[PDB]
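K.L.:
Structure in structure tokens, see below.
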Amino acid sequence: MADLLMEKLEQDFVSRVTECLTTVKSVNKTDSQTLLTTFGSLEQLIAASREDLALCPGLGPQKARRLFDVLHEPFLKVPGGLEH
Amino acid sequence: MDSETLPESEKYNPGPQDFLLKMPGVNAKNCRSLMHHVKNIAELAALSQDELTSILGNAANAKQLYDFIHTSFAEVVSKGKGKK
């Protein structure tokens with residue numbers, strides 16, 4: 001249950017997104033808070049491009065690229081041809 | 001057998017999968033099944049609440065995931081129930 005409580009929903013949510021951003025080696029908690037204030041939602045976080053991440057108030061294209069991969073790369077690489 | 005249960009998980013892209021593995025209503029079982037059905041994390045975020053419901057099987061988990069993704073933590077931390 002997500003809506004179990006909203007007071008804890010925000011807490012768990014920011015927690016989950018923080019690790020989400022930090023899924024890449026380069027992105028650390030510093031960037032997490034950076035993207036938090038920039039986008040503010042997981043939707044925009046995944047929808048963010050290398051440029052969207054780079055335009056942030058202190059990130060850098062390097063971390064933006066790595067996140068773009070995690071945010072745009074398939075799980076199984078190529079299960080047949082969703083991509084190639 | 002069962003959305004395929006092959007030990008190929010070792011070749012699955014460790015970056016995007018990590019983001020999925022840390023999803024709210026997506027648990028280890030569901031995550032496996034997700035990575036097998038959905039192309040990537042971008043897709044689960046681009047799809048409808050019905051789509052993930054169909055894949056997860058649990059309307060709740062699906063809802064949690066969708067609701068989480070399309071909500072903004074920063075806006076919840078900005079307003080709502082009373083913020084100062």
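Every chain in the structure tokens has a letter given in the order shown (A, B, ...), and although residue numbers restart at 1 in each chain, ligands are simply numbered from 1 in the order shown.
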Using only C-alpha atoms, determine which residues of chain B fall within 10 Å of chain A; present them as a PyMOL selection string.

P.N.:
chain B and resi 8-25+32+34-43+45-46+60-61+63-77+80-81

K.L.:
Per DSSP on the backbone, what are the helix (DSSP H, G or I) residues of chain A, as a ChimeraX atom specification?

P.N.:
/A:6-21,29-38,42-47,50-54,61-72

K.L.:
Take the selection from the previous step and output its residues with N, CA and C atoms, as a short mmCIF file (atom, residue, chain, number, x, y, z; two decimals), in the first residue's frame.

P.N.:
```
data_model
loop_
_atom_site.label_atom_id
_atom_site.label_comp_id
_atom_site.auth_asym_id
_atom_site.auth_seq_id
_atom_site.Cartn_x
_atom_site.Cartn_y
_atom_site.Cartn_z
N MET A 6 0.49 9.44 3.68
CA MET A 6 1.08 10.38 2.75
C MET A 6 2.33 10.99 3.35
N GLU A 7 2.34 11.09 4.67
CA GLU A 7 3.45 11.63 5.42
C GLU A 7 4.68 10.75 5.26
N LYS A 8 4.44 9.47 5.09
CA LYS A 8 5.52 8.54 4.89
C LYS A 8 5.70 8.24 3.42
N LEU A 9 4.67 8.53 2.63
CA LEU A 9 4.71 8.32 1.19
C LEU A 9 5.79 9.18 0.59
N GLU A 10 5.84 10.45 1.00
CA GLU A 10 6.84 11.38 0.48
C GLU A 10 8.24 10.95 0.90
N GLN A 11 8.35 10.47 2.13
CA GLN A 11 9.62 10.05 2.69
C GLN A 11 10.17 8.85 1.97
N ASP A 12 9.32 7.87 1.76
CA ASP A 12 9.72 6.66 1.07
C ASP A 12 10.01 6.97 -0.39
N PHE A 13 9.17 7.80 -0.98
CA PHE A 13 9.30 8.20 -2.38
C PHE A 13 10.65 8.89 -2.64
N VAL A 14 11.01 9.91 -1.84
CA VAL A 14 12.30 10.60 -2.02
C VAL A 14 13.47 9.64 -1.81
N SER A 15 13.28 8.70 -0.91
CA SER A 15 14.24 7.69 -0.61
C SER A 15 14.47 6.79 -1.84
N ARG A 16 13.37 6.31 -2.39
CA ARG A 16 13.40 5.43 -3.53
C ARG A 16 13.98 6.13 -4.75
N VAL A 17 13.57 7.37 -5.00
CA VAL A 17 14.11 8.10 -6.15
C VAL A 17 15.59 8.39 -6.01
N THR A 18 16.04 8.67 -4.80
CA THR A 18 17.45 8.92 -4.55
C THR A 18 18.32 7.74 -5.02
N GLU A 19 17.97 6.54 -4.61
CA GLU A 19 18.70 5.36 -5.03
C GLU A 19 18.53 5.10 -6.53
N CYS A 20 17.39 5.50 -7.04
CA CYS A 20 17.07 5.36 -8.44
C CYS A 20 18.04 6.14 -9.27
N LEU A 21 18.30 7.34 -8.87
CA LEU A 21 19.21 8.19 -9.60
C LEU A 21 20.62 7.67 -9.44
N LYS A 29 24.55 11.00 -4.06
CA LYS A 29 23.39 11.65 -3.38
C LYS A 29 23.29 13.14 -3.73
N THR A 30 24.43 13.71 -4.04
CA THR A 30 24.57 15.06 -4.43
C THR A 30 23.73 15.34 -5.68
N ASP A 31 23.85 14.46 -6.65
CA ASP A 31 23.10 14.59 -7.86
C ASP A 31 21.65 14.26 -7.62
N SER A 32 21.40 13.34 -6.71
CA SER A 32 20.05 12.95 -6.38
C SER A 32 19.24 14.17 -5.95
N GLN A 33 19.76 14.92 -4.98
CA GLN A 33 19.08 16.14 -4.51
C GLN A 33 18.99 17.19 -5.64
N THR A 34 20.00 17.20 -6.50
CA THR A 34 20.05 18.09 -7.64
C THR A 34 18.87 17.82 -8.61
N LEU A 35 18.68 16.59 -8.97
CA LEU A 35 17.61 16.23 -9.89
C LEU A 35 16.27 16.35 -9.20
N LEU A 36 16.25 16.14 -7.89
CA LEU A 36 15.03 16.26 -7.11
C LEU A 36 14.43 17.65 -7.22
N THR A 37 15.27 18.63 -7.07
CA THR A 37 14.82 20.01 -7.14
C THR A 37 14.56 20.42 -8.60
N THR A 38 15.27 19.79 -9.53
CA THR A 38 15.14 20.10 -10.92
C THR A 38 13.85 19.55 -11.52
N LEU A 42 9.54 11.26 -10.61
CA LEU A 42 10.23 10.15 -11.23
C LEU A 42 9.94 10.16 -12.72
N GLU A 43 8.70 10.50 -13.08
CA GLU A 43 8.25 10.61 -14.48
C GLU A 43 9.23 11.44 -15.30
N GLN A 44 9.55 12.62 -14.81
CA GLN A 44 10.46 13.52 -15.51
C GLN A 44 11.88 13.03 -15.43
N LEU A 45 12.18 12.28 -14.39
CA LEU A 45 13.52 11.77 -14.21
C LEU A 45 13.87 10.79 -15.30
N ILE A 46 12.97 9.87 -15.55
CA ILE A 46 13.14 8.90 -16.61
C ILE A 46 12.97 9.56 -17.98
N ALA A 47 12.07 10.53 -18.06
CA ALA A 47 11.82 11.22 -19.31
C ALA A 47 12.95 12.19 -19.66
N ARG A 50 19.91 13.31 -21.86
CA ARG A 50 21.29 13.61 -21.46
C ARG A 50 21.44 15.10 -21.29
N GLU A 51 20.75 15.83 -22.13
CA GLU A 51 20.76 17.25 -22.09
C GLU A 51 19.95 17.77 -20.91
N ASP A 52 18.81 17.14 -20.66
CA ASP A 52 17.90 17.55 -19.57
C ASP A 52 18.60 17.38 -18.22
N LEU A 53 19.35 16.34 -18.11
CA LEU A 53 20.13 16.09 -16.94
C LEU A 53 21.34 17.03 -16.87
N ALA A 54 21.93 17.34 -18.01
CA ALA A 54 23.12 18.19 -18.03
C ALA A 54 22.77 19.65 -17.73
N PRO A 61 27.43 16.47 -18.11
CA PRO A 61 27.00 15.50 -19.12
C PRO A 61 27.41 14.05 -18.83
N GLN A 62 28.53 13.86 -18.16
CA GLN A 62 29.07 12.53 -17.85
C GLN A 62 28.03 11.63 -17.08
N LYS A 63 27.50 12.14 -15.99
CA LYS A 63 26.54 11.44 -15.18
C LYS A 63 25.21 11.35 -15.90
N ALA A 64 24.90 12.41 -16.64
CA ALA A 64 23.70 12.49 -17.46
C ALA A 64 23.66 11.34 -18.48
N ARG A 65 24.81 11.04 -19.08
CA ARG A 65 24.93 9.96 -20.05
C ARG A 65 24.66 8.62 -19.42
N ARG A 66 25.24 8.40 -18.26
CA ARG A 66 25.07 7.13 -17.58
C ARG A 66 23.62 6.91 -17.17
N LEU A 67 22.98 7.96 -16.66
CA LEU A 67 21.58 7.87 -16.30
C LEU A 67 20.71 7.67 -17.53
N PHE A 68 21.04 8.33 -18.62
CA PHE A 68 20.31 8.15 -19.90
C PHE A 68 20.35 6.67 -20.29
N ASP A 69 21.48 6.01 -20.08
CA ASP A 69 21.56 4.59 -20.40
C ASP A 69 20.63 3.81 -19.51
N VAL A 70 20.70 4.00 -18.21
CA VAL A 70 19.85 3.23 -17.32
C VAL A 70 18.38 3.52 -17.56
N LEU A 71 18.09 4.74 -17.94
CA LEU A 71 16.76 5.20 -18.20
C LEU A 71 16.25 4.90 -19.63
N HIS A 72 17.11 4.41 -20.51
CA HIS A 72 16.69 4.16 -21.92
C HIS A 72 17.19 2.84 -22.48
#
```

K.L.:
Suppose you want the space between atom CA of residue 57 of chain A and atom CA of residue 79 of chain B; what is it in Å?

P.N.:
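One can read the atom CA of residue 57 of chain A to atom CA of residue 79 of chain B distance as 22.7 Å.
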
K.L.:
Could you tell me how far atom CA of residue 80 of chain A lies from atom CA of residue 57 of chain B, in Å and to one decimal?

P.N.:
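Straight-line distance from atom CA of residue 80 of chain A to atom CA of residue 57 of chain B works out to 24.2 Å.
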